[PDB]
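J.: quick one: initial chain(s) of a complex, as found there:
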Amino acid sequence: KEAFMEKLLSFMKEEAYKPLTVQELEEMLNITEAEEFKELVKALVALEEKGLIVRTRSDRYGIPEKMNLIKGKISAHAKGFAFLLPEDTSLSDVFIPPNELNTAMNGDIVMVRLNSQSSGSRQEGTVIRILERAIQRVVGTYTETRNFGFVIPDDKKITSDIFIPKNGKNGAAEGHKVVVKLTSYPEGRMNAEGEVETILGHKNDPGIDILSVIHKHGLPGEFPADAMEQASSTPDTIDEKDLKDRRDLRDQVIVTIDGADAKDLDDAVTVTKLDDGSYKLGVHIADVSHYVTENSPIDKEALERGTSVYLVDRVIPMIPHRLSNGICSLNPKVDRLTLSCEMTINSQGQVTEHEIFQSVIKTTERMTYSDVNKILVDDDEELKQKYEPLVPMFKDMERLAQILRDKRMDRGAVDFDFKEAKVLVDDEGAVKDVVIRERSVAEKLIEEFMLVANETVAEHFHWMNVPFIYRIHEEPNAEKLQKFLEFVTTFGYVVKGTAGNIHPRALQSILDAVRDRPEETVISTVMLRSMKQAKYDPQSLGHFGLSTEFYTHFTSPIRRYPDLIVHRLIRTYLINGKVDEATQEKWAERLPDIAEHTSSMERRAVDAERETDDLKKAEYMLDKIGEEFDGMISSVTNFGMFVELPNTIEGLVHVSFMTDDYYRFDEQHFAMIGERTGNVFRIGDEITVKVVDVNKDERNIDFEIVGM
Amino acid sequence: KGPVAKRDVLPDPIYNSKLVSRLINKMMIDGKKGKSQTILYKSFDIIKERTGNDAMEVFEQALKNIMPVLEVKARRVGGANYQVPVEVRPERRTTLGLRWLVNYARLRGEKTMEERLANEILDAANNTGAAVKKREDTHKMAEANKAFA
């Protein structure tokens, strides 16, 4: 028994050892007999009792001592506790009590000692060391006292007020939202101290709410002077020299189909039906790599920006408004430089042939999604008569897009069709309405055309075997998916597969079965929560969500830096023919940092857009205090249950408002069960709620139950 | 209901250390702060004459080694009898530091208290003696029943 325990501990003490499960230890030790398997489990329990190994709450055994610890990121909570998110995503989260944070703030990379005993369901730990400080600046509301100021942070995860000394005020008055720079971190009993870097304005002034979010996240402000000089010097028309070595497509019937308010027209499309029955699809994308050249002032800024950010009241663009909306934009009935992908597609949606090349186009008409739907779906005779030459092309586009959609779903792609909000604001930035964003035929048509363009480019460059950027979506976390599978089994939905080896078509085989059910929204939602996020990467690792091996972003260079690089690598490798070793090694070095950076800037963006939506959703419900709404239980917890209205506004029913009974949370069933009444409020249940309170600053909406 | 503020002691006039004052007040008997102010200033001259280091370098080192990190607290919920490992608040660390320092210094074999207090500080500073042991003892005991908390 002891010789085996030593041999396990020595194996785990090897420098190449990573934390492994019982099964991954069984495989690595080549244990095939059932009696040796019993020995291993008995050794693991005995070593874990002695404290020589630690099981993480993802059931992975690691030598603590090489750590006694886990390296990871702090994810703080507004109630003063936190979790460690380990770097190894296979490991579970470690709970950190408020007293054991030891001055670690939200986002800080820390080393956490593991507590041999736990007071709850999860593994506890103490922050022993802070390796990296995440928070240097803090946005908050300044408050004035007699002799000093303090700033109340907008990030509620910062649970302590920032002390502003009398010299660090820098003109900030009572109620001003302010950007503080942290001069000292919290230490012992002392709060953080800081100096007011920037006054944003008063908290009640219009647009300061969104301007506090921009600064919180650290989103990019005004363009640099050299970038705006480059933009102002860029020609408003094409030079005749730039038409050289480009295919002339100005005589073809080419259209843009966008939102009515869209000015940054990235894509233009055509479809011709061939005599054999196959479709030729042209996709013509704005040639931004021409205007924005490598290491230009705009190039350095766009990389820094990483993506365009689309907040409620404004867009922060990646490139200046003179280019994005002017010369890059595929504006109607004017000559525009493009980088095209031209595709012959057969009757099963297979790209038999393709070509990628530089062209010039002149768009026949700028269409809207609304107009294209009214022609196809609503059968509008007035608009058909208006666009009589284009209607036959639109009908061929509809059929082709359906073809491509069928193949996509047959290959086992996951159609995640959720209701998103669109917040509608006025000129002052005050909320008028919160509507559901509906995806029409016209949006699903262009989607399919950008997708088949995006796979086609990605496949082309994979086989060329040159350095390139892909848009990958890795396989879901097996533990998160294992929980999701357990969740849907309560509703009856049994899935064919295991959490380690699920096929994308298996998850769709859920989303179809729940379609037009009450439990749709939440199973949909919890499925998402088990998926990984998509990122950019120089390796073609495939896209799980689209069920494809080859995918990149090619179709939006105005508003995405990874697309603008895809444009450059197209110009470098195909057009210029520069496939030399020195060119490849140059890109092979750069693409990892770019791919990591732009992926960070995307996540930052998405977080910021959401925060502004949740703020304006809360603003919208201020005047609805006392009104009753139908809704659907979107989440249940130990403290209460969240209720989603039809417009996708969410709120909390706190358990204190559930006055009719003592309610116990059932974690397995995701249900609040009354002890006496036997009333059961489950995930997915339709209830009628009333608005009790609304906090705009916190973004909180507080309901009470009227009826089931 | 709201944590009473601890009395703000003055700094020790010659070492400018409110820790050293707190030691005096711990050593003081029957309100004879004079006797204890003398004893310490006699004990710290003994430390400086032996070691050559400043008494403050040694005394702070002595406290580090006496000061407890985790303590046993009795919890009897239903049955339990759980000796809950409790982290010693930074004020209670110094408390138990100075309490043990003084309590064991008085128990030592040496004739005078100034020598007894000096030798307990010198032993504490070398990570040895009885007051350091006492911290270990409760930690050994806190490690023994660490299964609770």
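T.: Perfect, I can see it now. Numbers count the residues shown, from 1 in each chain, chains lettered A, B, ... in the order given.
J.: drop to CA atoms for contacts and neighbour counts, all remaining ones
T.: Noted.
J.: wait, what's in contact with residue B:99?
T.: Neighbour list for residue B:99: residue B:26 [criterion: C-alpha atoms under 8 Å, 6 or more residues apart in numbering or on different chains].
J.: what about residue A:489, neighbour count?
T.: When neighbours are defined as other C-alpha atoms under 10 Å in any protein chain shown, residue A:489 has 13 of them.
J.: swap in residue A:493?
T.: 16.
J.: That one in helix, strand or coil?
T.: Following DSSP: H, G, I helix; E, B strand; the rest coil, residue A:493 is assigned to coil.
J.: does it really touch residue A:512, like I thought?
T.: No. In this structure, residue A:493 is not within contact of residue A:512 by C-alpha atoms under 8 Å, at 10.9 Å.
J.: What residue in chain B comes nearest to chain A?
T.: residue B:147 (5.5 Å; C-alpha to the nearest C-alpha).
J.: host element of the nearest residue to that residue once chain neighbours are set aside?
T.: Leaving aside its sequence neighbours, residue B:147 sits nearest to residue A:117 (C-alpha to C-alpha, 6 or more residues apart in numbering or on different chains; 5.5 Å). Under the criterion DSSP states H and E, no helix or strand holds residue A:117.
J.: list the contacts for residue A:117?
T.: So residue A:117 contacts A:123, A:124, B:146, B:147, B:148, B:149 (C-alpha under 8 Å, 6+ apart).
J.: Include this sequence as chain C:
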Amino acid sequence: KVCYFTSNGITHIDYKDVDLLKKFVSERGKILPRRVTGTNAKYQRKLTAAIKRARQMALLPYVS
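T.: So that you can see how it sits with the rest, here is chain C on the chains above:
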């Protein structure tokens, strides 16, 4: 939330049309309530029988 049968003009629910029925049972095979289906009480009664005749003839399961 409309009734399938008042919508789709379906007077007679037949026990042999398994695939239809299979629109209203759970995955365990239990009969879905009227609330959840949006069915008319009339037809729910109709349906229910159909199912119980379907389950008797091993067209549907009792317990999945």
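J.: What about the contacts of residue B:99 again, now that chain C is present?
T.: For residue B:99, counting by C-alpha under 8 Å, 6+ apart, the contacting residues are residue B:26.
J.: For it, what is the enclosing helix or strand?
T.: Counting by DSSP H and E, residue B:99 is part of helix B:90-107.
J.: just residue A:152 next, same as before
T.: Per DSSP H and E: strand A:149-153 holds residue A:152.
J.: Give me the next element, helix or strand, following that strand.
T.: Next element after strand A:149-153 (DSSP H and E): strand A:162-164.
J.: Now the element after that following strand, going C-ward?
T.: Using DSSP H and E, the helix or strand that follows strand A:162-164 in sequence is strand A:176-184.
J.: What strand or helix carries residue A:35?
T.: Following DSSP H and E, one finds residue A:35 within helix A:34-50.
J.: Please identify the buried residues of that helix?
T.: For helix A:34-50, burial by neighbour count (16 or more other C-alpha atoms under 10 Å in any protein chain shown) applies to A:37, A:40, A:43, A:44, A:47, A:48.
J.: In terms of distance to chain B, which of these ranks first?
T.: Closest to chain B, out of all of these and judged by C-alpha to the nearest C-alpha, is residue A:48, at 12.5 Å.
J.: Now do the phi/psi pair for the nearest residue to that closest one once chain neighbours are set aside.
T.: Leaving aside its chain neighbours, residue A:48 sits nearest to residue A:54 (5.7 Å; criterion: C-alpha to C-alpha, 6+ apart). In terms of degrees, to the nearest 10, the main-chain angles of residue A:54 are phi -130, psi 130.
J.: The following sequence is to be added as chain D:
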Amino acid sequence: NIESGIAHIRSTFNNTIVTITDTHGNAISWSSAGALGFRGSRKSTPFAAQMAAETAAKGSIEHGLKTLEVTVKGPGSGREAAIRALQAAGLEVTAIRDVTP
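T.: Chain D, in position alongside the others:
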């Protein structure tokens, strides 16, 4: 040497047993949370049930099973993790069946 079999999973509040049988209900192999040295609260957990399904499954794969019918008994939390231990061990699951008496 038999291919098709049933995996009778008895998940109680105290324990999770996993017998695997032939179609005639003759026991090929079995494993329980108690058999893998789990004790007290640990025997109840879905981890022990998963682990009990594997050692049961790996015992059956020796006798040369491929397909499993599954029958679950009892109110325990093990059935979902144990079943996904039988699909993860390699044996395909034809049909589950709650046979709680």
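J.: The neighbour count of residue A:493 with chain D there, same question as before?
T.: Residue A:493, neighbours per other C-alpha under 10 Å, totals 19.
J.: for it, what are its contacts?
T.: Applying C-alpha under 8 Å, 6+ apart, the residues near residue A:493 are A:510, A:513, C:27.
J.: Separate out the buried members of the residues you listed.
T.: Counted by 16+ other C-alpha under 10 Å, the contacts of residue A:493 give A:510, C:27 as buried.
J.: ok, the contacts of residue A:493 vs residue B:27, which is closest?
T.: Checking the contacts of residue A:493 against residue B:27 with C-alpha to C-alpha, the nearest one is residue A:510 at 74.8 Å.
J.: show me what contacts the residue in chain C positioned nearest to chain B?
T.: In chain C, the residue that lies nearest chain B is residue C:28 (43.2 Å; C-alpha to the nearest C-alpha). By C-alpha under 8 Å, 6+ apart, the residues touching residue C:28 are A:492, C:63, C:64.
J.: try it again with 10 Å
T.: The contact partners of residue C:28, taken as C-alpha atoms under 10 Å, 6 or more residues apart in numbering or on different chains, are A:489, A:491, A:492, A:493, A:494, C:61, C:62, C:63, C:64, D:96, D:97, D:98.
J.: again with residue A:562
T.: Applying C-alpha under 10 Å, 6+ apart, the residues near residue A:562 are A:303, A:306-307, A:468-471, A:536-537, A:552-554, A:556, A:568, A:591, A:594-595, A:598-599.
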